[PDB]
Amino acid sequence: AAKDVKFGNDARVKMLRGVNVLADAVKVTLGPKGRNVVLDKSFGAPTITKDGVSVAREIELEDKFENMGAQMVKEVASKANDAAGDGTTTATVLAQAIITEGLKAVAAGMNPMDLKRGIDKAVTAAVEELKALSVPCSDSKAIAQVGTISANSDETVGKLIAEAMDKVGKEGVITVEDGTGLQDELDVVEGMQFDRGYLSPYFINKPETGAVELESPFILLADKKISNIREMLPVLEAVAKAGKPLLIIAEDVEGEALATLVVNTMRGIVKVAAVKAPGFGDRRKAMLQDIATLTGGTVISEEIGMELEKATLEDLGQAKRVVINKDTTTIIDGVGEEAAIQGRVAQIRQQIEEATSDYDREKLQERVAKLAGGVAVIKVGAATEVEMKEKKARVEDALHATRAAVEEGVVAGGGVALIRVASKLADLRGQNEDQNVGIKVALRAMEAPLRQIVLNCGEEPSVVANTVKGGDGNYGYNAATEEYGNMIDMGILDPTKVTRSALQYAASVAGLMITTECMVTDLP
Amino acid sequence: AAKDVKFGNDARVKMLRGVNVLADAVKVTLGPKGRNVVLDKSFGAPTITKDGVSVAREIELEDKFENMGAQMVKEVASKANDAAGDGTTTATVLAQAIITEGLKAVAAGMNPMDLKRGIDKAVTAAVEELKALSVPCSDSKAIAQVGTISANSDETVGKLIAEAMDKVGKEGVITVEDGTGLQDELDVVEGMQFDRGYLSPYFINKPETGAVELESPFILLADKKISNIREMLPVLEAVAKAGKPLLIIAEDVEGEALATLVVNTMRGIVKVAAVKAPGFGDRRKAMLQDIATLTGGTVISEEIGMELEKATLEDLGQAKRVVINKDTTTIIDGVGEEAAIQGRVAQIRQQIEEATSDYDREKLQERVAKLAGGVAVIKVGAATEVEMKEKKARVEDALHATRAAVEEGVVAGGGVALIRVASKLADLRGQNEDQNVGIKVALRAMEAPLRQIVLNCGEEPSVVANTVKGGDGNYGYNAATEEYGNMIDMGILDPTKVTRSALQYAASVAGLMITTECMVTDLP
Amino acid sequence: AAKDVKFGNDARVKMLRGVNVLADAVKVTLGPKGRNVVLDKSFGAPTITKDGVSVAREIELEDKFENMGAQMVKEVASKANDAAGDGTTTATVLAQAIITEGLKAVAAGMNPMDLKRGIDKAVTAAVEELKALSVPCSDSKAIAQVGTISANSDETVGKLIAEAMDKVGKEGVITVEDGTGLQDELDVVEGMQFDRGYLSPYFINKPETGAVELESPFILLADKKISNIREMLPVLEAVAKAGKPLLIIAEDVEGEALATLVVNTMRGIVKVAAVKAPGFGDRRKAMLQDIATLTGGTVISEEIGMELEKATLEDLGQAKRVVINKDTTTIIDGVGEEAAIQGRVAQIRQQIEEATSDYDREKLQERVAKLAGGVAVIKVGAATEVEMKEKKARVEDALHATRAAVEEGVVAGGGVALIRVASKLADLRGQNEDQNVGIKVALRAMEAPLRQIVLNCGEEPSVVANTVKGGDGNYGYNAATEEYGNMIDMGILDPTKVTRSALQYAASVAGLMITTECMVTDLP
Ligand SMILES: Nc1ncnc2c1ncn2[C@@H]1O[C@H](COP(=O)(O)OP(=O)(O)OP(O)(O)=S)[C@@H](O)[C@H]1O
Ligand SMILES: Nc1ncnc2c1ncn2[C@@H]1O[C@H](COP(=O)(O)OP(=O)(O)OP(O)(O)=S)[C@@H](O)[C@H]1O
Ligand SMILES: Nc1ncnc2c1ncn2[C@@H]1O[C@H](COP(=O)(O)OP(=O)(O)OP(O)(O)=S)[C@@H](O)[C@H]1O
Ligand SMILES: [Mg+2]
Ligand SMILES: [Mg+2]
Ligand SMILES: [Mg+2]
Ligand SMILES: [Tl+]
Ligand SMILES: [Tl+]
Ligand SMILES: [Tl+]
Ligand SMILES: [Tl+]
Ligand SMILES: [Tl+]
Ligand SMILES: [Tl+]
Ligand SMILES: [Tl+]
Ligand SMILES: [Tl+]
Ligand SMILES: [Tl+]
Ligand SMILES: [Tl+]
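Residues numbered from 1 in each chain as written, not as in the entry; some residues may be left out. Chains lettered and ligands numbered in written order. Part of a larger assembly, values for the part shown. Heavy atoms only, no water.

Structure determination for this PDB entry is given in the record as X-ray crystallography, at a resolution of 3.94 Å.

If you check the PDB entry, chain A appears there as 60 kDa chaperonin from Escherichia coli UTI89. If you open the UniProt record of chain A and go to Catalytic activity, you find "ATP + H2O + a folded polypeptide = ADP + phosphate + an unfolded polypeptide." According to UniProt, the comment filed for chain A under the heading Sequence similarities is "Belongs to the chaperonin (HSP60) family." (UniProt positions renumbered as here; feature names shortened; annotations may be inferred.)

See the structure below:
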């Protein structure tokens, strides 16, 4: 394929032009005074949304070089979403502000490599300063406050989360599913969650969540890599019988057997999912047999001689419900006797004392907490059906925020956290003049999130940002009420984790983009 | 796919241009002095119609951005149709008037978010003012008056509706079907109606009721989500013996199970209809069993161990007819024993009296109201079939209006109801100047429906609207006779429900469209 | 000639586009942080200047309609210059801000005639409020302060003005000419100044002032309108003998006599100029004899029997310098007599002893105030013809500032005077909503001069204007030092007259331009 190549200044202006389209399409949806962005669909009515992720996903430009620019900063928005779930628009407004001001310096005739190091040092210092500004959420009374304001002043939502975290702990696994009737239910059932995602994106069946949800799915467990589907068939054929989906945990299922499972599921023939096993090597083999007893199935490995050809349904585990993130797989209520699991539990409790090491201890406790710790199931209750399904997603986006509120804490919202960090790093310097500007680029980029919220509110961003900088602490601007004051007292707050993710990722890409000299793409 | 993105003022003018096409094509058919709109078809003769829905459906513009605008306000027209069945043209004329005047303010330099809140507050106040202006229809003598004038001064139509409502009640289920002979018949047969419509559009046979219609159909009842059709087959091709259509009521009907049922009804090879089971969860199973008894069939569940691959024709329920709208499904004549149905009467009669929880008593009544409350059936008769048809249609074209006349009442027609509300909300104010204009935009939009009817009548709208505002009460303009007077006395009236729907929906979309800053569509 | 005609919105956007070119070309030169504008000349080097008048004069657009717009606001800049000599840029920045915001309202759908009345009422109130904010200059100590700061902190300049005003008075006539040597000289010589302009703008020899100037000149005086040169030859033929310029003061100079003298001075064959006879009718005939006695010549009129043919050298009058503005003739050091002037005065003062009417008195008083009041003359003195020309240049301009400082006073500079008036008229209302916006347009236009100065200074105008509004009084922003403080104490001040002229004129044109619906121009 014939290629087009652009160099230097010529190449960069095409990126800036490209990112500016994606940014300006997203930055308009920032804050509560945000604007609607309409996205066209071929089938019927257009989609009107404020969700910065949905808008970002749709952007793809005509000019191949511009497209690259745009597609580069898009990779950040989506990754910020993967880290926290929040702050995708806040990431993108930052990224733009670093790139626009960054490239200005490069064009002025400054060393890009010194500019990158200036930005990254300013960021590493900003993350460090941010941890100091963070107000932790320890007790289950302050945890309830975060879940309430995140779900639009709903006290019923925050009460459930606090009760769920009081059962499984702060490290425990909490999941939300559809309710049975009129009252919110809460049970702790035997389940497990491990840190591996879906094997391919086309496994999804949730129109919005980007998730794979399977009701009463049988579980196949394979220690060996599956290349050909020629081995899976005898199992797969018995899973079509008694039409219930299939979950494949293995070392790997990649190459041929994956694509044939993608062709099938999407065509409609049997709902299936594939997921890489947790961990690696010797500690994997154990974890898998842990799932196996908990899910009531049996492991199949080439090591003893058990091949998938001769694999009936007892080898297959049963679970009540499974959910698969982009980066996580989780199970709810597997079959497996009270004893059967708690028996395997003690078989790891012995291993705590028998093996004398530093690292070997951790893995055993991170296994027993997944397995004997349990899983929290909150079933939402309302009167009419559409009042339940609306109260469902409300809890889900009020949980993700609470999760981040526990791990790193909550900083002052309204983009004031960053603008407060900015004034506290004014004395920060690099090694040479070029690095010094690199810092000032990053510090002037931290003002942009606030400035963008004010712009949507109709007020002059310059005036408001200047007033917030003059006052000290958690004093900021409420765009909803057009009133100044203490942000924490006004319920305006952002989880520290989301703001840390938004800044770090946005700097990471800008750093790579500032050091760009050559672009190679396909010919129009 | 490469995308085109437009921002701000540039993006909005394409919407306005787009909505103006759909609006101007529809607003010409308003009132009785309305004009004909001709719609082209590839096969043979063009369709000449005044129906604002039929005209709206056909509009789809070339310019992708314009198309979006047009397709946005179309959603409303169709949704107003879903709420009432009337006032689709009245909705669209309103929507245009809010958008055109709204965007004018945005372009002047006013906050869209404040303009939206100004409109919505003016609307919430207008709905509240509308309820006060409403004249209720309580007794069955005033109910007969509404059915008479809605069917073009036909007294035979209004008499049947009043007799039907005197049998099953105001909450009762009333259905119209083809007559047997020369006299109008009225029986109450064992049937039920639940708040679930067709699961896919492609089930529609005749697009007049906008519904599925099945003669002598079997019914299947199962409390499970249908994965694959490799479960249905032994039943589907069992109903094909003796040759009759089938009804499918399952938790859901998704995936391959859905699409292959679609392909089989469409191509003719046995006609089936997929509808959800009503309510949810625990009273999902309960409300479904009610139907099983009513139909003389059986239930196939998840807990017990009953699968589809062993249900004979005996295991199926049966009916004389089923009517399936978008949000509705109603059954007629259940082959179930006269005692077995009455046995479930006692099985709910024991539940009401023995209820510790205060909520059950409410919905248990809403179970016997659909079971022992009944279903009324009117068979319209004449000497010629060409007047059996024409008279059959005249009853349904009077029932939908009577339904709304009972639920919320009837206001003064001629678009005077809204113009009367307009003068009564002149003192309404918001929080800032921008919100204040948002209200005045909505109030000047309420004048448009009347103004549009007068425009079709050839008279100057400005003069007539000014005369109607000067006088008070139910004093309006009769466009048919070119005479002023009391609207109620002249038989010109609109169901409160339709006018409330027309205003609310039209404001809802305008609100979303005013807050639009970015549009993303496919490249030409 | 074939014409092009544009109507309404189409016609207005061409004006706005047109004024925006002239405004943006001038507004960049506002304040002391102003930018340079380069003007091209066909002959040699381009002219680099900051003078808002020189820039305005040069603007003339290609698009005939755009040109009209631009040429309309240009008429104001030049007229502000005619009133004060200062504030031409400040006028233009105001005019733009009223037009831009004005037309926005017209396009929104508001009555132009109500918008004009709203602006004019806001202005009449602003001029009234401005008189209250003015700090008068009464004593000759505070008069010296104004002449010092206007001439770039030069105390020698301010000392001369104060000494000149102590001789002839505040109403007295003061003129500046070239010096003889090394010290500044000050004499009071027998002269007079009256209020008429030149008949041709092509008589102007020194364009920098925009004025006519003749050394040791001859003078004609005639109570008759001159139309033919056949009456003029034997006069003009005598002028080349004794090589010196000529000044005609006749009733009027018409058609031929005009076009003769205008072109026949371009050639360089006899420099001349012609101005209208001061006053009218009866008071016309005397004022001329005054001049004749003042100069030492004689008058010539058809009334008595005096023809223009036998007008010799002695019938002509002699001064030592005559200066003519757009609207200001001034005869300096007329070689009359001791006994003739003292005689004519003691005669005119006897007329007021026999004063019959209140008014007849006044115009007689004002007539000796001219004749017996004399003219003060200042001969600037410095080393070489480089600092002599420069000092004279700072004097002329500062005198002009001191003149206005006496008549109306001095307000607080930095454009704060207007922005202070703006906050004090916030409660001002009109008769209807459209008039109310007309006022708010004018009040937001008063902020622009300050905002434009800050823009040139590089600082954000929004931030600075917001800070000036918060504080009260003569507290403003110094753009030269980037410091806030009391403007009067910092020497930053504007003569009230100039700010009054700048506002009134800018509103006058904007008012006319807002009420424009049709434009007629020549075809391209
Ligand atoms: N009342 C408020 N006033 C000012 N800022 C607010 C207010 N409420 C929330 N915010 C800020 O809103 C910002 C978040 O904007 P969002 O619209 O959530 O975009 P995002 O989080 O970047 O991405 P999405 O769209 O959530 S996936 C947070 O940083 C809050 O500080
Ligand atoms: N004689 C009349 N004079 C004035 N208005 C009338 C008269 N008769 C009916 N109307 C008004 O006609 C309006 C309804 O217009 P329609 O043409 O029915 O449009 P629509 O109801 O919005 O949608 P369709 O076309 O019925 S689906 C009602 O609001 C009546 O108030
Ligand atoms: N140090 C200063 N800081 C801020 N404003 C100043 C300062 N010095 C002068 N000004 C303002 O400068 C404004 C005048 O700008 P100029 O450049 O003189 O334009 P103008 O007077 O409109 O027209 P010209 O160019 O003089 S004919 C006055 O209103 C002063 O208030
Ligand atoms: Mg967010
Ligand atoms: Mg209708
Ligand atoms: Mg000046
Ligand atoms: Tl957003
Ligand atoms: Tl299972
Ligand atoms: Tl606002
Ligand atoms: Tl219609
Ligand atoms: Tl049947
Ligand atoms: Tl008519
Ligand atoms: Tl200037
Ligand atoms: Tl004063
Ligand atoms: Tl002379
Ligand atoms: Tl500066």
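From this point, the discussion proceeds with the structure in view.
Draft legend 1. Main features of empty space enclosed by the protein. All names here are of chain B. Throughout the structure, instances matching the rule amount to 4 cavities of 30 Å³ or more. Computed from the structure, the largest cavity encloses a volume of approximately 50 Å³. Around the largest cavity, the lining residues are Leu220, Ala222, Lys224, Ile226, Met232, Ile248, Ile249, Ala250 and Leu308. Residue contributions to the lining of the largest cavity peak at 4 residues, all from strand β8 (residues 218-226). (1 Å grid on protein atoms, 1.4 Å probe; cavity = no way out; pocket = protein on both sides within 12 Å on 5 of 7 lines; lining within 4 Å. Points joined across faces, edges and corners; volume = space filled by probe spheres on them. Helix = DSSP H or I, 4+ residues; strand = E, 2+ residues; numbered from the N terminus.)

Draft legend 2. Expanded view of a nonpolar patch on the surface. A cluster of nonpolar side chains, contributed by A:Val5, A:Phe7 and A:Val520, occupies part of the molecular surface with about 280 Å² of accessible area. Tracing the sequence through the fold places A:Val520 in strand β18 (residues 518-522). (Patch = residues over 30% accessible without salt bridge, like charges linked within 9 Å, V, L, I, M, F, W, Y side chains within 5 Å. Areas by Shrake-Rupley, 256 points an atom, 1.4 Å probe, with all protein chains shown as cover. Salt bridge = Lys/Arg side-chain N within 4 Å of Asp/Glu carboxyl O.)

Draft legend 3. Quick look at the site of ligand 1. Residues and elements named next belong to chain A. Taken together, 21 residues lie around ligand 1, and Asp86, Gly87, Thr90, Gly414 and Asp494 are the ones closest in. Between ligand 1 and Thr88 there is a distance of 3.1 Å, counted from an oxygen atom to a side-chain nitrogen or oxygen. In the environment of ligand 1, a nitrogen atom lies 3.2 Å from a nitrogen or oxygen atom belonging to the side chain of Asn478. Taken by itself ligand 1 offers 650 Å² of open surface, and the protein chains cover 80% of this. Of all the elements, helix α4 (residues 88-108) adds the most residues to the shell around ligand 1, at 3 residues. Taken together, the residues of the shell around ligand 1 break down into 7 nonpolar, 11 polar and 3 charged. (Near = heavy atom within 4 Å. Polar contact = N/O pair within 3.5 Å; in protein donor to acceptor, adjacent residues only side chain to side chain. Nonpolar A, V, L, I, M, F, W, Y, C, P; charged D, E, K, R; others polar.)

Draft legend 4. Region of interest: the packing of helix α5 (residues 112-133) of chain B against helix α18 (residues 496-514) of chain B. Residues and elements named next belong to chain B. The N-to-C vectors of α5 and α18 enclose an angle of 175 degrees; their axes lie 9 Å apart at closest approach. Relative to α18, α5 is oriented roughly antiparallel. For the pair α5 and α18, the contacting residues are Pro112, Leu115, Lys116, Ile119, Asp120, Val123, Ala126, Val127 and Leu130 in the first and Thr496, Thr499, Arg500, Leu503, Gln504, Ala507, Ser508, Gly511, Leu512 and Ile514 in the second. Among the residues forming the contact of α5 with α18, the class breakdown is 11 nonpolar, 5 polar and 3 charged. (Axes fitted to C-alpha atoms, helices over the stretch in contact; angles between N-to-C directions. Parallel < 35°, antiparallel > 145°, perpendicular 65-115°, else oblique. Contact = heavy atoms within 4.5 Å.)

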